[PDB]
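These notes are about the structure you will find just below.
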Ligand code: HEM
Ligand code: HEM
Ligand SMILES: *[C@@H]1O[C@H](CO)[C@@H](O[C@@H]2O[C@H](CO)[C@@H](O[C@@H]3O[C@H](CO)[C@@H](O)[C@H](O)[C@H]3NC(C)=O)[C@H](O)[C@H]2NC(C)=O)[C@H](O)[C@H]1NC(C)=O
Ligand SMILES: *[C@@H]1O[C@H](CO)[C@@H](O[C@@H]2O[C@H](CO)[C@@H](O[C@@H]3O[C@H](CO)[C@@H](O)[C@H](O)[C@H]3NC(C)=O)[C@H](O)[C@H]2NC(C)=O)[C@H](O)[C@H]1NC(C)=O
Ligand SMILES: CC(C)(C)c1cc2c(cc1Cl)C=C(C(=O)O)[C@@H](C(F)(F)F)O2
Ligand SMILES: CC(C)(C)c1cc2c(cc1Cl)C=C(C(=O)O)[C@@H](C(F)(F)F)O2
Ligand SMILES: CCCCCCCCO[C@@H]1O[C@H](CO)[C@@H](O)[C@H](O)[C@H]1O
Ligand SMILES: *[C@@H]1O[C@H](CO)[C@@H](O)[C@H](O)[C@H]1NC(C)=O
Ligand SMILES: *[C@@H]1O[C@H](CO)[C@@H](O)[C@H](O)[C@H]1NC(C)=O
Ligand SMILES: *[C@H]1O[C@H](CO)[C@@H](O)[C@H](O)[C@H]1NC(C)=O
Ligand SMILES: *[C@H]1O[C@H](CO)[C@@H](O)[C@H](O)[C@H]1NC(C)=O
């Protein structure tokens, strides 16, 4: 009987109850007034008429290759354009943060406690008649049925943007430093207390773990040689807890920063490349500074690789996803005269939307073999057999699957995609349309509008009845794609504002950090400002193989 | 060894070592260039010709009362002047933070680890030949020697600005939520992980402790009634940990946020006052929101009390130090069109500079009683015998001591003063003049200029030999005060920027937090926006006694 269950307040205003059956919207700063904040101020009307849509802005950025080439080669214009991509999205995220799984009103508990993931929209209250609020049946549809009807794979669908296994395993590698759900406490809690890109997946969370993995000479990380080739050290040597099953022998239990990376050989491939990069950067700084000791050689090297990570994510990874002919840029200076809060907190909804399991193929194709999931998982024997070089050639070739578009989730991993739906409801996620309004988008008026077709749309109607009851995770994996694109509209417009805050809100982008002495001089600063996915591979893998986040 | 020991790089330039005996300065965004960042850019010269000194500004806000009398009453103007006091300060503090006691270069470990206090200037390196880097003798003067000669009180010196014991105990009480040193680890570490105004001294550091302190009905805090007067609850009842000497009987072991507050009866005064307040705010919030439950009551009250703390801090407490005829405002909307980061980290030098033990009188005077240190400390029966009303009346009347100007630390607490000296040296603090430069003040050119007299200057020159080797903390309590003022130049110009960062950087002062609905309605917002020390006492002390931070 909470009178805010129906989400009455609009355009980002806030609902407060003023009696057992009465509510009241606080419209402050929202550019609208009236009972439910639906009447615009004069200025706000003009702003709306002149502002374009996400789908129109997408057209321009993905057409006119000749105009964008002129723009891409004038340094001054390129910067101005990129500034606009950055600034036009900051307002979409709340920072300092606000809600979480247990708090639908701003509290000190919801602000102070770094073990929760924060939330873009608050959770439906426990005393609301229906799960979404006051719309829909008493219980949501069966998740197993949604899994089977519109998510699972029949015939493999490839990414028409030509993504590959270098890209998928890099997605999985990067993200698994900040997305680390503490399943003991629940779906809405986290073990990455750094909230953002601290490279804990190489160096460890605690100080205790960090020291076990360090050599204490020349700033380096422990390692071992097998087959005349540098690999991570063992568990028997170092004492770092890893999640292996007991039938793995001692000499194959590798130790790295992220306790879970032993369970896939693609994770452990990047694992070894990033480790090699650290020790390579140690050698560079050592020559520049023979006066430096072990700690400063280490602590500076970590700063450089946080620089490299962010650089590649913006100019190779997000560049590849985007589709754009415009060349994106990592250059923190664009924000020094703007209103940016250098800070971040991981949103539950960012974790949920990044479950891109439809990328994974039915088999894994290295050299002359086709490995199955049961053969691939837990099996580092494969790595040593083939070597880093063969892995890179082979995974640059193999094509990954389409995320949006529906019905392309691998059966090996059906359990996982079902968990995504169940844990959403358990965390009390508001509906798709309330989430699209939250990020300034037009609500879908039908299931056919969502999927751009008739078969899955017809299924989804029968199961949900009202389009305003449709859920976020499933909608993302079924949404109509952009032309020859990997993703739909909702994925990108929610995904991007979350991502940019965790990349640019890193303290090394802050004015007082972003200067050459921070990283050991000009020589260091240049590693960050010329890093790429192709050089990361070439510097650290025998014979310097060609690579890319797309098939050729 | 280290070729940056002599502190070459001026104007905030950062020193780096490019080999065993050769350095380099990073002048990025300083305004200067050249080997040591000393050659000014054109606009920098121009700005230094127009900027007035801090003493010029001080004189202007403390004269012209007929002109400030009009400004105050015309709200348009008032706001423009506050916005000047707020923004003129901001360039001084590093936010995100940078250094700490172990790291004199920037590092993930220094940024990431919330257990340290931060550092405004970096530590002096270990392998430097002297304590201040290169200047002075092998070792500093004997701290006993320093303490006895210029710091200890001979005869009591009253504060010319009329500061009383209400102000003494508000200072101690208020700041002991974020100055909470971890003496097992060492002086550069903290137990206060909110690095700010979270009010852990009323509610607790951990969710564990807070729950033990709460009533779980109407959002209230637990309490007991002794002779018709409401006091905090026992340790028996709560199970919360406090620090009492063995002889204290079960019924006088009170339970409060900060575990150390039982030791001093003046602290217990304010802890009982704010507890009565919290519960008072709950009763109001229930007449308004009879729908609400226990969590939402407790949590909105705790948000409201934070705002009252900040309100009273700026418009009574800091207003009283200032001596200004102009009336300060607490208004978060003044920073909504400025660049300002909404975060903070407490800094060692803030901790050190706020050891204002010269405030303490020779005895604590209540009704017709003059209690000694020995009698006053650890003895809460004194508070139960006289009662809140009479504690307030007595403390509104009793003048506290002058801090600056020398020779006013009372003997009882001399070991504290010495420790302040010795711990600074332990934490490798730099010189006084290195700190004055850092906050854009003029370095002192002699001990006589610093003190404004002859006798202490001669004894200090005899000990230190060179003005450039003088230490920060003893300097603060020796400094020539402003005309009839409690402090001098240095204390304020370092103090104010650190503090405004802790007041205004509070998450409750951002755009998304600062609006009626965060505080449960317009009623709740009114309780912050008309808060004062006078009303805090009036509503929570029997007979609404008159109070103030200065003797009539
Ligand atoms: C063979 C490779 C993979 C396997 C075996 C796998 C399987 C799993 C499993 C079992 C979970 C735990 C879910 C739960 O218990 O509820 C998980 C989490 C997750 N996966 Fe994968 N997945 C793989 C590849 C990927 C890829 C390519 C991505 C794309 C970036 C991805 C994204 C995620 C995300 C975001 C989570 C949640 C992380 C967290 O909250 O802790 N996964 N995966
Ligand atoms: C009148 C009774 C007081 C006594 C007996 C006293 C004595 C002491 C002692 C023994 C310590 C170190 C041990 C501890 O943490 O308990 C200390 C530290 C300190 N004192 Fe006091 N003091 C008194 C009042 C004040 C006042 C009026 C102020 C004014 C602001 C003040 C400011 C501080 C500060 C900021 C610290 C450092 C605390 C920390 O870092 O944890 N004290 N004092
Ligand atoms: C961030 O929020 C979390 C959720 O509130 C806190 O984690 C919770 O800490 C509680 C104790 O401080 C646990 O409460 C349980 O309480 C009973 C009653 O006293 C105890 O017997 C139980 O042992 C205790 N724990 C368990 C596991 O039963 C909560 O369980 C615990 N976690 C969860 C998921 O609820 C964090 O402490 C908080 N952060 C901070 C700094 O306080
Ligand atoms: C933030 O900073 C603090 C300083 O680095 C950390 O506190 C230190 O944690 C260490 C744990 O790794 C303690 O180590 C002691 O010393 C040896 C070193 O080899 C260990 O084996 C011992 O087990 C350990 N204990 C004893 C009794 O020797 C440090 O002593 C400890 N304290 C201090 C004052 O330095 C914090 O851990 C750190 N937090 C994080 C998250 O990084
Ligand atoms: C808007 C634009 C340029 C297309 C864009 C696309 C992005 C990202 C950022 C931007 Cl600005 C970051 C992404 C990530 O971090 O994975 C992904 C995202 F789908 F959002 F998840 O693609
Ligand atoms: C510049 C002006 C207005 C005089 C000023 C004075 C202050 C403070 C803030 C300002 Cl803006 C805060 C203070 C504190 O927190 O105790 C003290 C300080 F001495 F600085 F420590 O007095
Ligand atoms: C009450 C604390 C003083 C006892 C310790 C002896 C310190 C001696 O110090 C002397 O004190 C004289 C009298 O105040 C001053 O005139 C001298 O300048 C000073 O050197
Ligand atoms: C693991 O990989 C090895 C090496 O190719 C292979 O022979 C073996 O069958 C795999 N083991 C399992 C349990 O699948
Ligand atoms: C504390 O003061 C009271 C008077 O209020 C006195 O009776 C008592 O002796 C003192 N207590 C102790 C433990 O010294
Ligand atoms: C808000 O709009 C109007 C009042 O202007 C009212 O008819 C409507 O019922 C209000 N809110 C909802 C959720 O219907
Ligand atoms: C910096 O100042 C000048 C260079 O202009 C040089 O003579 C001097 O020795 C340098 N170092 C120091 C410590 O002043």
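To match Swiss-Prot, the residue numbers of chain B are left as they are there, and the shown ones run 18-569.
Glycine is treated like the rest: Cβ placed from N, Cα and C.
Residue with Swiss-Prot feature O-acetylserine, selected from B:107, B:437, B:565: B:565. Here the candidates are the recorded positions B:193, B:371, B:374. The one whose C-alpha lies nearest to that of residue B:516 (site 'Aspirin-acetylated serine') is B:371. Checking the recorded positions B:193, B:371, B:374, B:516, B:565 against ligand 6, the ones with a C-beta less than 6 Å from an atom of that molecule are B:516. Helix, strand and coil residue tallies for the domain 'EGF-like' (B:18-55), in that order: 0 helix, 10 strand, 28 coil [DSSP]. Look at the recorded positions B:516, B:565 and count other Cβ atoms within 10 Å of each Cβ; B:565 has the fewest. Shown are the recorded positions B:193, B:374; of these, the residue with the fewest other Cβ atoms within 10 Å is B:193. Residue B:371 (active site, for cyclooxygenase activity) has a Cβ environment of 17 other Cβ atoms inside 10 Å. Candidate recorded positions B:193, B:371, B:374, B:516, B:565 yield none lying near chain A, with Cβ-Cβ distance under 8 angstroms.
Comparing residue B:374 (heme b binding site) with residue B:193 (active site, proton acceptor), their Cα atoms are 14 Å apart once rounded. Here residue B:371 (active site, for cyclooxygenase activity) is positioned 22 angstrom away from residue B:565 (O-acetylserine), judged by their C-alpha atoms. In three-state terms derived from DSSP, residue B:193 (active site, proton acceptor) belongs to neither a helical nor a strand segment and is classed as coil. Annotated pair residue B:371 (active site, for cyclooxygenase activity) and residue B:193 (active site, proton acceptor), C-alpha to C-alpha distance, rounded: 11 Å.
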